[PDB]
C-alpha cells in the first residue's frame, strides 16, 4: 500500500468497508492458490460485524467441514493471539 498501516480496527467505517472487500478477496485468492499449488482442500469462513456470512471452499464447503467434524486426532491450531507473537519474533 502507498503507506504503512498498523493492524487495528479501521475506524472510518467507509475505509473499513473498502478494505474488508479488497482483502477478503485477496485472502480467498491466496487460499485458492495454496489449494492448487500444494494440492490441498481448504474451507474459509468469514463473519463481519453485521454477522453477514462469507465463505470459500476449494471445491465444496460441506465436504470439508464434514471431514473436519470427524477429525479427532491432533493438529496445528493457531489464533491471532498466537500468530501475533510468532510475528513479534522474525
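Numbering follows the first chain given and starts at 1.
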property: Residue, from 34, 44, 50, 65, that the PDB entry assigns the highest Cα B-factor; result: 50
property: Residue 12 - which third its CA temperature factor falls in, relative to the rest of the chain; result: highest
property: Where the record places residue 55 (Cα B-factor, split into thirds across the chain); result: lowest
property: Among modelled residues of the same chain, the CA temperature factor third for residue 21; result: middle
property: Third assignment of residue 82 from its chain's C-alpha B-factors; result: highest
property: Chain thirds of CA B-factor: placement of residue 70; result: middle
